[PDB]
file structure.pdb (PDB, N, CA and C atoms)
MODEL        1
ATOM      1  N   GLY Y  28      -7.311 -48.836  14.932
ATOM      2  CA  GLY Y  28      -6.429 -49.680  15.788
ATOM      3  C   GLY Y  28      -6.088 -50.974  15.048
ATOM      4  N   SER Y  29      -5.636 -50.871  13.828
ATOM      5  CA  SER Y  29      -5.287 -52.097  13.055
ATOM      6  C   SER Y  29      -3.871 -51.979  12.487
ATOM      7  N   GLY Y  30      -2.881 -51.960  13.337
ATOM      8  CA  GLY Y  30      -1.479 -51.846  12.846
ATOM      9  C   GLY Y  30      -1.079 -50.367  12.783
ATOM     10  N   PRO Y  31       0.201 -50.116  12.920
ATOM     11  CA  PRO Y  31       0.714 -48.727  12.879
ATOM     12  C   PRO Y  31       0.421 -48.083  11.520
ATOM     13  N   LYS Y  32      -0.706 -47.437  11.389
ATOM     14  CA  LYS Y  32      -1.046 -46.786  10.091
ATOM     15  C   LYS Y  32      -1.557 -45.363  10.332
ATOM     16  N   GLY Y  33      -0.771 -44.375  10.002
ATOM     17  CA  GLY Y  33      -1.214 -42.968  10.214
ATOM     18  C   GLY Y  33      -0.530 -42.055   9.195
ATOM     19  N   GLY Y  34      -0.322 -42.536   7.999
ATOM     20  CA  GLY Y  34       0.340 -41.693   6.963
ATOM     21  C   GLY Y  34      -0.147 -42.114   5.575
ATOM     22  N   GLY Y  35       0.243 -43.276   5.128
ATOM     23  CA  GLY Y  35      -0.196 -43.744   3.784
ATOM     24  C   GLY Y  35       0.450 -42.875   2.704
ATOM     25  N   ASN Y  36       1.707 -43.093   2.425
ATOM     26  CA  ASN Y  36       2.390 -42.276   1.381
ATOM     27  C   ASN Y  36       3.025 -43.186   0.326
ATOM     28  N   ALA Y  37       2.988 -44.474   0.537
ATOM     29  CA  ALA Y  37       3.576 -45.418  -0.457
ATOM     30  C   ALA Y  37       2.655 -46.626  -0.576
ATOM     31  N   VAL Y  38       2.608 -47.254  -1.718
ATOM     32  CA  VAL Y  38       1.698 -48.429  -1.915
ATOM     33  C   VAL Y  38       2.345 -49.418  -2.881
ATOM     34  N   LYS Y  39       2.068 -50.702  -2.794
ATOM     35  CA  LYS Y  39       2.740 -51.603  -3.748
ATOM     36  C   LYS Y  39       1.901 -51.702  -5.018
ATOM     37  N   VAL Y  40       2.303 -50.985  -6.033
ATOM     38  CA  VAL Y  40       1.526 -50.972  -7.300
ATOM     39  C   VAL Y  40       2.157 -51.858  -8.379
ATOM     40  N   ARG Y  41       1.331 -52.396  -9.231
ATOM     41  CA  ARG Y  41       1.817 -53.249 -10.352
ATOM     42  C   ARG Y  41       1.036 -52.845 -11.605
ATOM     43  N   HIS Y  42       1.596 -52.958 -12.780
ATOM     44  CA  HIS Y  42       0.818 -52.508 -13.974
ATOM     45  C   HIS Y  42       0.888 -53.494 -15.148
ATOM     46  N   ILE Y  43      -0.171 -53.531 -15.912
ATOM     47  CA  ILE Y  43      -0.247 -54.401 -17.124
ATOM     48  C   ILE Y  43      -1.116 -53.667 -18.160
ATOM     49  N   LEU Y  44      -0.620 -53.445 -19.348
ATOM     50  CA  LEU Y  44      -1.435 -52.709 -20.356
ATOM     51  C   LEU Y  44      -1.618 -53.577 -21.605
ATOM     52  N   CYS Y  45      -2.706 -53.415 -22.301
ATOM     53  CA  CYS Y  45      -2.926 -54.233 -23.522
ATOM     54  C   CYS Y  45      -3.344 -53.338 -24.689
ATOM     55  N   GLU Y  46      -2.395 -52.849 -25.442
ATOM     56  CA  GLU Y  46      -2.740 -51.970 -26.595
ATOM     57  C   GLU Y  46      -3.878 -52.590 -27.405
ATOM     58  N   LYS Y  47      -3.952 -53.892 -27.436
ATOM     59  CA  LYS Y  47      -5.040 -54.560 -28.204
ATOM     60  C   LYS Y  47      -6.319 -54.603 -27.365
ATOM     61  N   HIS Y  48      -6.206 -54.358 -26.087
ATOM     62  CA  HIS Y  48      -7.409 -54.388 -25.208
ATOM     63  C   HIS Y  48      -8.101 -55.749 -25.312
ATOM     64  N   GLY Y  49      -7.419 -56.727 -25.838
ATOM     65  CA  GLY Y  49      -8.026 -58.081 -25.967
ATOM     66  C   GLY Y  49      -7.471 -58.982 -24.861
ATOM     67  N   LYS Y  50      -6.215 -58.830 -24.538
ATOM     68  CA  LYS Y  50      -5.616 -59.672 -23.463
ATOM     69  C   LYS Y  50      -5.821 -59.008 -22.105
ATOM     70  N   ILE Y  51      -6.239 -57.771 -22.079
ATOM     71  CA  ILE Y  51      -6.469 -57.120 -20.762
ATOM     72  C   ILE Y  51      -7.330 -58.050 -19.916
ATOM     73  N   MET Y  52      -8.279 -58.702 -20.529
ATOM     74  CA  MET Y  52      -9.118 -59.658 -19.768
ATOM     75  C   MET Y  52      -8.341 -60.955 -19.616
ATOM     76  N   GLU Y  53      -7.769 -61.427 -20.675
ATOM     77  CA  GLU Y  53      -6.951 -62.653 -20.570
ATOM     78  C   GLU Y  53      -5.964 -62.417 -19.444
ATOM     79  N   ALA Y  54      -5.603 -61.178 -19.251
ATOM     80  CA  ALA Y  54      -4.672 -60.842 -18.144
ATOM     81  C   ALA Y  54      -5.484 -60.725 -16.862
ATOM     82  N   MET Y  55      -6.717 -60.319 -16.993
ATOM     83  CA  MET Y  55      -7.589 -60.194 -15.791
ATOM     84  C   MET Y  55      -8.075 -61.581 -15.362
ATOM     85  N   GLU Y  56      -8.278 -62.461 -16.305
ATOM     86  CA  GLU Y  56      -8.743 -63.835 -15.967
ATOM     87  C   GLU Y  56      -7.581 -64.659 -15.411
ATOM     88  N   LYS Y  57      -6.516 -64.786 -16.156
ATOM     89  CA  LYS Y  57      -5.354 -65.572 -15.653
ATOM     90  C   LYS Y  57      -5.077 -65.175 -14.201
ATOM     91  N   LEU Y  58      -4.726 -63.938 -13.976
ATOM     92  CA  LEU Y  58      -4.452 -63.479 -12.582
ATOM     93  C   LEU Y  58      -5.586 -63.910 -11.640
ATOM     94  N   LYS Y  59      -6.800 -63.947 -12.125
ATOM     95  CA  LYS Y  59      -7.945 -64.347 -11.253
ATOM     96  C   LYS Y  59      -8.052 -65.876 -11.174
ATOM     97  N   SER Y  60      -7.653 -66.559 -12.208
ATOM     98  CA  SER Y  60      -7.738 -68.048 -12.196
ATOM     99  C   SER Y  60      -6.473 -68.630 -11.573
ATOM    100  N   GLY Y  61      -5.480 -67.813 -11.384
ATOM    101  CA  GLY Y  61      -4.215 -68.304 -10.785
ATOM    102  C   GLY Y  61      -3.331 -68.891 -11.885
ATOM    103  N   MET Y  62      -3.438 -68.377 -13.079
ATOM    104  CA  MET Y  62      -2.600 -68.901 -14.190
ATOM    105  C   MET Y  62      -1.219 -68.259 -14.138
ATOM    106  N   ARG Y  63      -0.662 -67.952 -15.270
ATOM    107  CA  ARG Y  63       0.685 -67.324 -15.285
ATOM    108  C   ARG Y  63       0.636 -65.917 -14.716
ATOM    109  N   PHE Y  64       1.369 -65.671 -13.681
ATOM    110  CA  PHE Y  64       1.401 -64.310 -13.109
ATOM    111  C   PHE Y  64       2.526 -63.526 -13.778
ATOM    112  N   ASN Y  65       3.561 -64.213 -14.189
ATOM    113  CA  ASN Y  65       4.716 -63.515 -14.823
ATOM    114  C   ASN Y  65       4.547 -63.416 -16.332
ATOM    115  N   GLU Y  66       4.081 -64.452 -16.962
ATOM    116  CA  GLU Y  66       3.913 -64.384 -18.432
ATOM    117  C   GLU Y  66       2.864 -63.325 -18.742
ATOM    118  N   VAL Y  67       1.699 -63.448 -18.172
ATOM    119  CA  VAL Y  67       0.672 -62.422 -18.432
ATOM    120  C   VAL Y  67       1.286 -61.052 -18.125
ATOM    121  N   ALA Y  68       1.910 -60.910 -16.984
ATOM    122  CA  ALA Y  68       2.538 -59.608 -16.657
ATOM    123  C   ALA Y  68       3.618 -59.326 -17.684
ATOM    124  N   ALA Y  69       4.208 -60.360 -18.205
ATOM    125  CA  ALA Y  69       5.253 -60.160 -19.228
ATOM    126  C   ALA Y  69       4.630 -59.518 -20.463
ATOM    127  N   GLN Y  70       3.859 -60.253 -21.225
ATOM    128  CA  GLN Y  70       3.274 -59.642 -22.439
ATOM    129  C   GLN Y  70       1.904 -59.012 -22.215
ATOM    130  N   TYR Y  71       0.972 -59.703 -21.619
ATOM    131  CA  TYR Y  71      -0.383 -59.095 -21.468
ATOM    132  C   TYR Y  71      -0.230 -57.643 -21.014
ATOM    133  N   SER Y  72       0.824 -57.354 -20.296
ATOM    134  CA  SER Y  72       1.062 -55.955 -19.843
ATOM    135  C   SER Y  72       1.486 -55.068 -21.029
ATOM    136  N   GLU Y  73       1.594 -55.635 -22.211
ATOM    137  CA  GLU Y  73       2.010 -54.861 -23.421
ATOM    138  C   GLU Y  73       2.926 -53.704 -23.028
ATOM    139  N   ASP Y  74       3.838 -53.977 -22.140
ATOM    140  CA  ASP Y  74       4.795 -52.932 -21.669
ATOM    141  C   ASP Y  74       5.734 -53.543 -20.625
ATOM    142  N   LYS Y  75       6.029 -52.827 -19.573
ATOM    143  CA  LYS Y  75       6.924 -53.393 -18.524
ATOM    144  C   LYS Y  75       6.331 -54.705 -17.998
ATOM    145  N   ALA Y  76       5.532 -54.641 -16.965
ATOM    146  CA  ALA Y  76       4.913 -55.885 -16.415
ATOM    147  C   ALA Y  76       4.277 -55.610 -15.048
ATOM    148  N   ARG Y  77       3.272 -56.365 -14.696
ATOM    149  CA  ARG Y  77       2.596 -56.160 -13.381
ATOM    150  C   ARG Y  77       3.202 -57.088 -12.326
ATOM    151  N   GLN Y  78       3.028 -58.369 -12.490
ATOM    152  CA  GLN Y  78       3.594 -59.335 -11.506
ATOM    153  C   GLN Y  78       5.117 -59.184 -11.450
ATOM    154  N   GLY Y  79       5.825 -59.916 -12.272
ATOM    155  CA  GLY Y  79       7.308 -59.806 -12.274
ATOM    156  C   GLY Y  79       7.693 -58.344 -12.495
ATOM    157  N   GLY Y  80       6.850 -57.599 -13.157
ATOM    158  CA  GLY Y  80       7.154 -56.163 -13.400
ATOM    159  C   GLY Y  80       6.720 -55.345 -12.183
ATOM    160  N   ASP Y  81       6.148 -55.986 -11.196
ATOM    161  CA  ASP Y  81       5.700 -55.247  -9.981
ATOM    162  C   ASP Y  81       6.745 -54.203  -9.583
ATOM    163  N   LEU Y  82       6.573 -52.983 -10.019
ATOM    164  CA  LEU Y  82       7.554 -51.915  -9.670
ATOM    165  C   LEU Y  82       7.997 -52.056  -8.212
ATOM    166  N   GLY Y  83       7.165 -51.660  -7.288
ATOM    167  CA  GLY Y  83       7.541 -51.774  -5.851
ATOM    168  C   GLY Y  83       6.962 -50.588  -5.078
ATOM    169  N   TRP Y  84       7.554 -50.249  -3.966
ATOM    170  CA  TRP Y  84       7.039 -49.103  -3.165
ATOM    171  C   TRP Y  84       6.975 -47.843  -4.030
ATOM    172  N   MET Y  85       5.856 -47.169  -4.031
ATOM    173  CA  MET Y  85       5.734 -45.938  -4.863
ATOM    174  C   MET Y  85       5.007 -44.843  -4.082
ATOM    175  N   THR Y  86       5.586 -43.678  -3.999
ATOM    176  CA  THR Y  86       4.926 -42.575  -3.251
ATOM    177  C   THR Y  86       4.433 -41.498  -4.217
ATOM    178  N   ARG Y  87       3.378 -40.819  -3.865
ATOM    179  CA  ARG Y  87       2.841 -39.756  -4.761
ATOM    180  C   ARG Y  87       3.879 -38.646  -4.954
ATOM    181  N   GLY Y  88       3.813 -37.943  -6.052
ATOM    182  CA  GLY Y  88       4.795 -36.850  -6.298
ATOM    183  C   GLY Y  88       5.934 -37.376  -7.173
ATOM    184  N   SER Y  89       6.242 -38.641  -7.065
ATOM    185  CA  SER Y  89       7.343 -39.213  -7.891
ATOM    186  C   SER Y  89       6.789 -40.277  -8.844
ATOM    187  N   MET Y  90       5.505 -40.268  -9.073
ATOM    188  CA  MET Y  90       4.904 -41.278  -9.991
ATOM    189  C   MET Y  90       4.500 -40.617 -11.312
ATOM    190  N   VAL Y  91       3.530 -39.743 -11.278
ATOM    191  CA  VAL Y  91       3.095 -39.066 -12.535
ATOM    192  C   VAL Y  91       1.857 -38.193 -12.271
ATOM    193  N   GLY Y  92       0.677 -38.735 -12.407
ATOM    194  CA  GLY Y  92      -0.548 -37.922 -12.162
ATOM    195  C   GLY Y  92      -1.775 -38.840 -12.157
ATOM    196  N   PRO Y  93      -2.275 -39.132 -13.334
ATOM    197  CA  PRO Y  93      -3.459 -40.014 -13.461
ATOM    198  C   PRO Y  93      -3.158 -41.395 -12.874
ATOM    199  N   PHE Y  94      -2.125 -42.034 -13.349
ATOM    200  CA  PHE Y  94      -1.775 -43.383 -12.818
ATOM    201  C   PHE Y  94      -1.781 -43.365 -11.287
ATOM    202  N   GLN Y  95      -1.316 -42.299 -10.694
ATOM    203  CA  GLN Y  95      -1.299 -42.223  -9.204
ATOM    204  C   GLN Y  95      -2.621 -41.644  -8.690
ATOM    205  N   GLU Y  96      -3.238 -40.783  -9.451
ATOM    206  CA  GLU Y  96      -4.528 -40.180  -9.004
ATOM    207  C   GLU Y  96      -5.566 -41.274  -8.741
ATOM    208  N   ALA Y  97      -5.499 -42.359  -9.464
ATOM    209  CA  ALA Y  97      -6.484 -43.458  -9.253
ATOM    210  C   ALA Y  97      -6.008 -44.392  -8.138
ATOM    211  N   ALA Y  98      -5.126 -45.297  -8.457
ATOM    212  CA  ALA Y  98      -4.613 -46.247  -7.425
ATOM    213  C   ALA Y  98      -4.391 -45.527  -6.093
ATOM    214  N   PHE Y  99      -3.386 -44.696  -6.015
ATOM    215  CA  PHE Y  99      -3.118 -43.967  -4.742
ATOM    216  C   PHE Y  99      -4.426 -43.470  -4.127
ATOM    217  N   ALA Y 100      -5.119 -42.611  -4.816
ATOM    218  CA  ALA Y 100      -6.405 -42.086  -4.276
ATOM    219  C   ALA Y 100      -7.374 -43.243  -4.008
ATOM    220  N   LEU Y 101      -7.111 -44.391  -4.571
ATOM    221  CA  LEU Y 101      -8.017 -45.553  -4.350
ATOM    222  C   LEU Y 101      -7.386 -46.536  -3.353
ATOM    223  N   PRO Y 102      -8.227 -47.212  -2.607
ATOM    224  CA  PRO Y 102      -7.742 -48.193  -1.607
ATOM    225  C   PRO Y 102      -6.990 -49.343  -2.288
ATOM    226  N   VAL Y 103      -6.254 -50.111  -1.529
ATOM    227  CA  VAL Y 103      -5.492 -51.250  -2.122
ATOM    228  C   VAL Y 103      -6.347 -51.976  -3.166
ATOM    229  N   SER Y 104      -5.727 -52.716  -4.050
ATOM    230  CA  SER Y 104      -6.515 -53.440  -5.095
ATOM    231  C   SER Y 104      -5.593 -54.253  -6.012
ATOM    232  N   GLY Y 105      -5.913 -54.322  -7.281
ATOM    233  CA  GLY Y 105      -5.055 -55.090  -8.229
ATOM    234  C   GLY Y 105      -5.787 -56.339  -8.727
ATOM    235  N   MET Y 106      -5.269 -56.963  -9.756
ATOM    236  CA  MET Y 106      -5.906 -58.196 -10.294
ATOM    237  C   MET Y 106      -7.289 -57.877 -10.890
ATOM    238  N   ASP Y 107      -8.068 -58.883 -11.210
ATOM    239  CA  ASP Y 107      -9.415 -58.633 -11.814
ATOM    240  C   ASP Y 107     -10.443 -58.239 -10.748
ATOM    241  N   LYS Y 108     -10.002 -57.884  -9.575
ATOM    242  CA  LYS Y 108     -10.955 -57.462  -8.516
ATOM    243  C   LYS Y 108     -10.353 -56.296  -7.726
ATOM    244  N   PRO Y 109      -9.926 -55.276  -8.437
ATOM    245  CA  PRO Y 109      -9.315 -54.100  -7.779
ATOM    246  C   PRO Y 109     -10.345 -53.361  -6.924
ATOM    247  N   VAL Y 110     -10.171 -52.081  -6.755
ATOM    248  CA  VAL Y 110     -11.121 -51.299  -5.927
ATOM    249  C   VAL Y 110     -12.398 -50.985  -6.716
ATOM    250  N   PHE Y 111     -13.140 -50.004  -6.282
ATOM    251  CA  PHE Y 111     -14.395 -49.639  -6.995
ATOM    252  C   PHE Y 111     -14.122 -49.425  -8.484
ATOM    253  N   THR Y 112     -13.066 -48.735  -8.801
ATOM    254  CA  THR Y 112     -12.747 -48.480 -10.239
ATOM    255  C   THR Y 112     -12.496 -49.795 -10.978
ATOM    256  N   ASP Y 113     -11.862 -49.720 -12.114
ATOM    257  CA  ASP Y 113     -11.570 -50.957 -12.899
ATOM    258  C   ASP Y 113     -10.059 -51.080 -13.120
ATOM    259  N   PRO Y 114      -9.597 -52.294 -13.286
ATOM    260  CA  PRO Y 114      -8.152 -52.527 -13.494
ATOM    261  C   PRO Y 114      -7.633 -51.810 -14.757
ATOM    262  N   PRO Y 115      -8.240 -52.073 -15.889
ATOM    263  CA  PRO Y 115      -7.806 -51.430 -17.158
ATOM    264  C   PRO Y 115      -8.094 -49.926 -17.121
ATOM    265  N   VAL Y 116      -7.292 -49.164 -16.428
ATOM    266  CA  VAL Y 116      -7.544 -47.698 -16.362
ATOM    267  C   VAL Y 116      -6.813 -46.980 -17.502
ATOM    268  N   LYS Y 117      -7.350 -45.885 -17.962
ATOM    269  CA  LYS Y 117      -6.693 -45.138 -19.071
ATOM    270  C   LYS Y 117      -5.958 -43.912 -18.524
ATOM    271  N   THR Y 118      -4.897 -43.507 -19.169
ATOM    272  CA  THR Y 118      -4.141 -42.318 -18.682
ATOM    273  C   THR Y 118      -3.284 -41.734 -19.808
ATOM    274  N   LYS Y 119      -2.600 -42.569 -20.543
ATOM    275  CA  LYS Y 119      -1.748 -42.052 -21.654
ATOM    276  C   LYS Y 119      -1.137 -43.214 -22.445
ATOM    277  N   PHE Y 120      -1.793 -44.342 -22.468
ATOM    278  CA  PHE Y 120      -1.244 -45.505 -23.224
ATOM    279  C   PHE Y 120      -2.286 -46.622 -23.315
ATOM    280  N   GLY Y 121      -3.544 -46.286 -23.228
ATOM    281  CA  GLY Y 121      -4.600 -47.333 -23.310
ATOM    282  C   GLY Y 121      -5.051 -47.712 -21.899
ATOM    283  N   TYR Y 122      -5.575 -48.894 -21.731
ATOM    284  CA  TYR Y 122      -6.038 -49.322 -20.380
ATOM    285  C   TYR Y 122      -4.996 -50.232 -19.724
ATOM    286  N   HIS Y 123      -4.541 -49.889 -18.548
ATOM    287  CA  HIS Y 123      -3.537 -50.756 -17.866
ATOM    288  C   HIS Y 123      -4.090 -51.222 -16.517
ATOM    289  N   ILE Y 124      -3.745 -52.410 -16.095
ATOM    290  CA  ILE Y 124      -4.266 -52.917 -14.789
ATOM    291  C   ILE Y 124      -3.318 -52.522 -13.652
ATOM    292  N   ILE Y 125      -3.743 -51.622 -12.804
ATOM    293  CA  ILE Y 125      -2.879 -51.184 -11.674
ATOM    294  C   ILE Y 125      -3.238 -51.968 -10.411
ATOM    295  N   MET Y 126      -2.261 -52.494  -9.727
ATOM    296  CA  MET Y 126      -2.550 -53.278  -8.504
ATOM    297  C   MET Y 126      -1.797 -52.685  -7.304
ATOM    298  N   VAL Y 127      -2.470 -51.914  -6.494
ATOM    299  CA  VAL Y 127      -1.804 -51.318  -5.301
ATOM    300  C   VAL Y 127      -1.954 -52.283  -4.126
ATOM    301  N   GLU Y 128      -0.883 -52.616  -3.460
ATOM    302  CA  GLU Y 128      -0.998 -53.569  -2.337
ATOM    303  C   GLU Y 128       0.072 -53.299  -1.284
ATOM    304  N   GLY Y 129      -0.238 -52.552  -0.298
ATOM    305  CA  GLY Y 129       0.766 -52.273   0.758
ATOM    306  C   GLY Y 129       1.016 -50.790   0.822
ATOM    307  N   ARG Y 130       0.076 -50.050   1.311
ATOM    308  CA  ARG Y 130       0.282 -48.591   1.388
ATOM    309  C   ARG Y 130       1.329 -48.279   2.463
ATOM    310  N   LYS Y 131       1.566 -47.027   2.742
ATOM    311  CA  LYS Y 131       2.568 -46.682   3.791
ATOM    312  C   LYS Y 131       2.002 -45.619   4.736
TER     313      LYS Y 131
ENDMDL
END
call {"tool": "encode", "arguments": {"input": "structure.pdb", "output": "structure tokens"}}
result
Amino acid sequence: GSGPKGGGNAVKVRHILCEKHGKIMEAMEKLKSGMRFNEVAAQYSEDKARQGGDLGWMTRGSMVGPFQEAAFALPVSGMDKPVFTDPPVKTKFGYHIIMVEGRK
């Protein structure tokens, strides 16, 4: 009884990857310290971006597999304090920080 919730097919996910695996934390700390949310998402994501790159509503079946198998299968999360798993998850490009926030 906490809001109209009886499906859960979309979630607000964001991603940040660090081929060097050195800024993944610099990206995990900044986001946790409240530093640059867009710059870190800009480069620390060594790819698209998590904050400003925050893709948006994403439903299973149109995402991929592993990237969705974790976040989706995992409760909301993101930043340096995601769900039980860890932000820097591996799937096919190193460890990326996935932040799901707003399921459907």
call {"tool": "closest_residue", "arguments": {"input": "structure.pdb", "among": "Y:100, Y:107, Y:36, Y:87", "to": "residue Y:58", "atoms": "all atoms listed in the file"}}
result
Y:107
call {"tool": "select_by_dssp", "arguments": {"input": "structure.pdb", "residues": "chain Y", "states": "strand (DSSP E or B)", "output": "list in words"}}
result
residues 37, 38, 39, 40, 44, 83, 84, 85, 86, 115, 116, 117, 122, 123 and 124 of chain Y
call {"tool": "closest_residue", "arguments": {"input": "structure.pdb", "among": "Y:123, Y:59, Y:75, Y:47", "to": "residue Y:108", "atoms": "only N, CA and C atoms"}}
result
Y:59
call {"tool": "closest_residue", "arguments": {"input": "structure.pdb", "among": "Y:44, Y:55, Y:125, Y:69", "to": "residue Y:94", "atoms": "only N, CA and C atoms"}}
result
Y:125
call {"tool": "resolve_selection", "arguments": {"input": "structure.pdb", "expression": "the PyMOL selection byres ((chain Y and resi 43) around 6)", "output": "ChimeraX atom specification"}}
result
/Y:41-42,44-45,68,71-73,76-77,122-125
call {"tool": "resolve_selection", "arguments": {"input": "structure.pdb", "expression": "the PyMOL selection byres ((chain Y and resi 35) around 5)", "output": "VMD selection string"}}
result
chain Y and resid 33 to 34 36 to 37 130 to 131
call {"tool": "closest_residue", "arguments": {"input": "structure.pdb", "among": "Y:49, Y:126, Y:63, Y:84", "to": "residue Y:102", "atoms": "only N, CA and C atoms"}}
result
Y:126
call {"tool": "atom_distance", "arguments": {"input": "structure.pdb", "atom1": "atom CA of residue Y:83", "atom2": "atom C of residue Y:39"}}
result
5.7 Å
call {"tool": "atom_distance", "arguments": {"input": "structure.pdb", "atom1": "atom N of residue Y:105", "atom2": "atom N of residue Y:129"}}
result
9.2 Å
call {"tool": "atom_distance", "arguments": {"input": "structure.pdb", "atom1": "atom N of residue Y:92", "atom2": "atom CA of residue Y:116"}}
result
12.8 Å
call {"tool": "closest_residue", "arguments": {"input": "structure.pdb", "among": "Y:117, Y:52, Y:64, Y:86", "to": "residue Y:99", "atoms": "only N, CA and C atoms"}}
result
Y:86
call {"tool": "build_atoms", "arguments": {"input": "structure.pdb", "residues": "stretch 84-95 of chain Y", "atoms": "N, CA, C and O atoms", "output": "PDB file, keeping the file's coordinate frame"}}
result
ATOM      1  N   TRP Y  84       7.554 -50.249  -3.966  1.00  0.00           N
ATOM      2  CA  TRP Y  84       7.039 -49.103  -3.165  1.00  0.00           C
ATOM      3  C   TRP Y  84       6.975 -47.843  -4.030  1.00  0.00           C
ATOM      4  O   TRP Y  84       7.925 -47.487  -4.696  1.00  0.00           O
ATOM      5  N   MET Y  85       5.856 -47.169  -4.031  1.00  0.00           N
ATOM      6  CA  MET Y  85       5.734 -45.938  -4.863  1.00  0.00           C
ATOM      7  C   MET Y  85       5.007 -44.843  -4.082  1.00  0.00           C
ATOM      8  O   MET Y  85       3.930 -45.050  -3.558  1.00  0.00           O
ATOM      9  N   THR Y  86       5.586 -43.678  -3.999  1.00  0.00           N
ATOM     10  CA  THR Y  86       4.926 -42.575  -3.251  1.00  0.00           C
ATOM     11  C   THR Y  86       4.433 -41.498  -4.217  1.00  0.00           C
ATOM     12  O   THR Y  86       4.999 -41.286  -5.270  1.00  0.00           O
ATOM     13  N   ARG Y  87       3.378 -40.819  -3.865  1.00  0.00           N
ATOM     14  CA  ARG Y  87       2.841 -39.756  -4.761  1.00  0.00           C
ATOM     15  C   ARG Y  87       3.879 -38.646  -4.954  1.00  0.00           C
ATOM     16  O   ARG Y  87       4.732 -38.429  -4.117  1.00  0.00           O
ATOM     17  N   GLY Y  88       3.813 -37.943  -6.052  1.00  0.00           N
ATOM     18  CA  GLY Y  88       4.795 -36.850  -6.298  1.00  0.00           C
ATOM     19  C   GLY Y  88       5.934 -37.376  -7.173  1.00  0.00           C
ATOM     20  O   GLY Y  88       6.529 -36.647  -7.940  1.00  0.00           O
ATOM     21  N   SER Y  89       6.242 -38.641  -7.065  1.00  0.00           N
ATOM     22  CA  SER Y  89       7.343 -39.213  -7.891  1.00  0.00           C
ATOM     23  C   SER Y  89       6.789 -40.277  -8.844  1.00  0.00           C
ATOM     24  O   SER Y  89       7.517 -41.097  -9.365  1.00  0.00           O
ATOM     25  N   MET Y  90       5.505 -40.268  -9.073  1.00  0.00           N
ATOM     26  CA  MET Y  90       4.904 -41.278  -9.991  1.00  0.00           C
ATOM     27  C   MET Y  90       4.500 -40.617 -11.312  1.00  0.00           C
ATOM     28  O   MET Y  90       5.060 -40.895 -12.352  1.00  0.00           O
ATOM     29  N   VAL Y  91       3.530 -39.743 -11.278  1.00  0.00           N
ATOM     30  CA  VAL Y  91       3.095 -39.066 -12.535  1.00  0.00           C
ATOM     31  C   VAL Y  91       1.857 -38.193 -12.271  1.00  0.00           C
ATOM     32  O   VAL Y  91       1.975 -37.028 -11.946  1.00  0.00           O
ATOM     33  N   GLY Y  92       0.677 -38.735 -12.407  1.00  0.00           N
ATOM     34  CA  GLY Y  92      -0.548 -37.922 -12.162  1.00  0.00           C
ATOM     35  C   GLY Y  92      -1.775 -38.840 -12.157  1.00  0.00           C
ATOM     36  O   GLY Y  92      -2.229 -39.256 -11.109  1.00  0.00           O
ATOM     37  N   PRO Y  93      -2.275 -39.132 -13.334  1.00  0.00           N
ATOM     38  CA  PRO Y  93      -3.459 -40.014 -13.461  1.00  0.00           C
ATOM     39  C   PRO Y  93      -3.158 -41.395 -12.874  1.00  0.00           C
ATOM     40  O   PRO Y  93      -3.852 -41.875 -12.001  1.00  0.00           O
ATOM     41  N   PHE Y  94      -2.125 -42.034 -13.349  1.00  0.00           N
ATOM     42  CA  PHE Y  94      -1.775 -43.383 -12.818  1.00  0.00           C
ATOM     43  C   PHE Y  94      -1.781 -43.365 -11.287  1.00  0.00           C
ATOM     44  O   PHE Y  94      -2.206 -44.307 -10.648  1.00  0.00           O
ATOM     45  N   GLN Y  95      -1.316 -42.299 -10.694  1.00  0.00           N
ATOM     46  CA  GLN Y  95      -1.299 -42.223  -9.204  1.00  0.00           C
ATOM     47  C   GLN Y  95      -2.621 -41.644  -8.690  1.00  0.00           C
ATOM     48  O   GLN Y  95      -3.075 -41.973  -7.612  1.00  0.00           O
TER      49      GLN Y  95
END
